[PDB]
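Student:
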Amino acid sequence: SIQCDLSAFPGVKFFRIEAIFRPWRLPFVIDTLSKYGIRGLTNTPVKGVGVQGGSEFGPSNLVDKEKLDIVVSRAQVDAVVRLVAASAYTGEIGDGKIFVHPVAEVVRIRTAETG
Amino acid sequence: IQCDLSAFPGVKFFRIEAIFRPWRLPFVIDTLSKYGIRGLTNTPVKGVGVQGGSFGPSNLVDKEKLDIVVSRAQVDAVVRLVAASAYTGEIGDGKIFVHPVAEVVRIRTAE
Amino acid sequence: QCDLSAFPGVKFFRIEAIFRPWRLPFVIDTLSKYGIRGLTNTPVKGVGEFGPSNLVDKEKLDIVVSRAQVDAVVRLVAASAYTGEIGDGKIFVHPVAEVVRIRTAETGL
Ligand SMILES: Nc1ncnc2c1ncn2[C@@H]1O[C@H](COP(=O)(O)OP(=O)(O)OP(=O)(O)O)[C@@H](O)[C@H]1O
Ligand SMILES: Nc1ncnc2c1ncn2[C@@H]1O[C@H](COP(=O)(O)OP(=O)(O)OP(=O)(O)O)[C@@H](O)[C@H]1O
Ligand SMILES: O=C(O)CCC(=O)C(=O)O
Ligand SMILES: O=C(O)CCC(=O)C(=O)O
Ligand SMILES: [Mg+2]
Ligand SMILES: [Mg+2]
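Going down the list, the sequences are from chains L, R and U. Under this note's numbering, the first residue of the first sequence is numbered 1, with each subsequent residue one higher. Under this note's numbering, the first residue of the second sequence is numbered 1001, with each subsequent residue one higher. Under this note's numbering, the first residue of the third sequence is numbered 2001, with each subsequent residue one higher.
Structure below.
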């Protein structure tokens, strides 16, 4: 099981899960998150390369990907990374990468509610 | 709004990322520009919050994102500015996230 | 010499550069030739009765690297995205907690 190392971020309450994967898997990934009860997410189309350099490389070799950013509590990181990795997986190069980033604060605009 | 940055001692810069209704973008940008905040970066995005949209990809709602990097001391004020201008009073107004930043470099004058 | 000392223990960092779109091919070429192991591109807009505003297209690169590579990569990006006129953009360095490769479940490294 995926175990994310958050030890260099003691006291951080919230993390951002940034998942970049094949565009055709977006509905699967979203269904898996919806079923788990995910409390929100943001989707952006991006382009990129990993270790294999696309397709040296140039802009023409960058490959279309879908990105999701999912801010979750610390306690939910591993579960959510695991769900997104499992849903996005095919077993071939280019299946994606997940970056976990620390978040200092969350503020709901409608209410001014923080934390 | 008070922002808890105690977990990041010694961090000098933060990124304020606001995701909000597209129609409020000109209001948010005007309020920030008038207050003297620069370096705004805008990306259109699609999303859901706690109510699960308008769930599947067709329930994702268009939103506008604005990212601004400020110093630690400026976070609370800039967060408040953004919140006040994005506000409408209805669910779906948006969220603001604050993120630590290690370093800032201006390309035109990089050493 | 990027000051990463408020991030003890953090292994990976994200280099985020926002710059003129016409410089994209050259930035990519430079990083490719130098041997970069990954990047992500996003188009974004800079913000240049309501006051007079203008949205200006820019290109964004996010490049996650190990600590040791941060200064070299920042230097190459700065040099390739430079024109010397006002409006060249900015580079930020952000801490990253974890990196997971989906195909393999491999983390870290
Ligand atoms: N170091 C990195 N920095 C920023 N973005 C990255 C990086 N590595 C990968 N990405 C992004 O994630 C996408 C998917 O990467 P990819 O799945 O090809 O990873 P990889 O490490 O090459 O693994 P694999 O060997 O399975 O292909 C890339 O197209 C790019 O958008
Ligand atoms: N946990 C999250 N992770 C990442 N993005 C999110 C998260 N929650 C909200 N967002 C982004 O912010 C947008 C606005 O969220 P919204 O304002 O609906 O927040 P909410 O917590 O549901 O507040 P409210 O009850 O006022 O609707 C979303 O459409 C999405 O793009
Ligand atoms: O993204 C792909 O579909 C293949 C290319 C790849 O894995 C890479 O550039 O790392
Ligand atoms: O974004 C909206 O307009 C309403 C939907 C919502 O608030 C949500 O999904 O959380
Ligand atoms: Mg790859
Ligand atoms: Mg909502």
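For each residue, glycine too, the CB sits at the ideal point set by N, CA and C.
In the DSSP assignment, find the unbroken beta strand (DSSP E) run with U/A2017 in it and report its ends.
Tutor: Taken as a continuous stretch (DSSP letters only), the beta strand (DSSP E) holding U/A2017 covers 2012-2019.
Student: Would you call the CB atoms of U/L2031 and U/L2024 closer than 8 Å?
Tutor: No, Cβ-Cβ distance for U/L2031 and U/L2024 is not below 8 Å.
Student: List, in chain order, every chain L residue whose beta-carbon is nearer than 7 Å to that of U/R2101.
Tutor: Correct list: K97.
Student: Between the region 32-47 of chain L and chain R, which residues of the former have CB atoms less than 7 Å from a CB of the latter, in chain order?
Tutor: Under the 7 Å Cβ criterion, the region 32-47 of chain L contributes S34, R39, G40, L41, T42, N43, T44.
Student: Residue ranges of each beta strand (DSSP E) run of no fewer than 3 residues wholly in the region 1024-1086 of chain R, ordered along the chain?
Tutor: Qualifying beta strand (DSSP E) stretches, in chain order: 1041-1048, 1061-1071.
Student: Given that a residue counts as buried once 16 or more other Cβ atoms are within 10 Å of its Cβ, and exposed if not, what is U/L2109?
Tutor: Burial call: exposed.
Student: Within the chosen definition, does the region 13-32 of chain L reach the region 92-107 of chain L through at least 3 CB pairs nearer than 8 Å?
Tutor: Result yes; three or more Cβ-Cβ pairs closer than 8 Å.
Student: Could you tell me which chain R residues have their CB closer than 9 Å to the CB of L/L62, listed as they occur along the chain?
Tutor: Correct list: empty, because the minimum Cβ distance to chain R is about 17 Å.
Student: If you count every other CB in all the chains shown that lies within 10 Å of the CB of L/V72, and 16 or more means buried, which is it?
Tutor: Counting Cβ neighbours within 10 Å, L/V72 comes out buried, since at least 16 surround it.
Student: Are R/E1103 and U/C2002 touching if we call contact CB-CB under 8 Å?
Tutor: Yes, Cβ-Cβ distance for R/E1103 and U/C2002 is below 8 Å.
Student: Anything in chain L within Cβ reach of R/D1004, meaning under 9 Å, just list it in chain order.
Tutor: Simply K13, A104, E105, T114, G115.
Student: Identify whether R/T1109 lies in helix, strand or coil by the three-state DSSP scheme.
Tutor: R/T1109 falls in the helix class under three-state DSSP.
Student: Who are the neighbours of R/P1026 on chain U, taking C-beta pairs under 7 Å?
Tutor: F2050, listed in chain order.
Student: Taking 7 Å as the cut-off, is the C-beta of U/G2035 nearer than that to any heavy atom in ligand 5?
Tutor: Not under cutoff, so the answer is no.
Student: Looking only at DSSP bridge pairs, what is U/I2091 linked to?
Tutor: Paired residues: R/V1105, U/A2017.
Student: Thinking just about the alpha-carbon of each residue, which of U/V2044, U/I2063, U/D2062 is nearest to the one in U/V2056?
Tutor: The option with the nearest alpha carbon to U/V2056 is U/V2044.
Student: Determine whether the beta carbon atoms of L/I70 and L/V80 lie at a separation below 8 Å.
Tutor: Result yes, Cβ atoms of L/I70 and L/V80 sit closer than 8 Å.
Student: Which residues of chain L have a Cβ atom closer than 9 Å to the Cβ of U/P2008, listed in chain order?
Tutor: Within chain L, the residues near U/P2008 are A8.
Student: When the Cα atoms are used, what is the spatial distance from L/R74 to L/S7?
Tutor: In a straight line, the C-alpha of L/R74 is about 11 Å away from that of L/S7.
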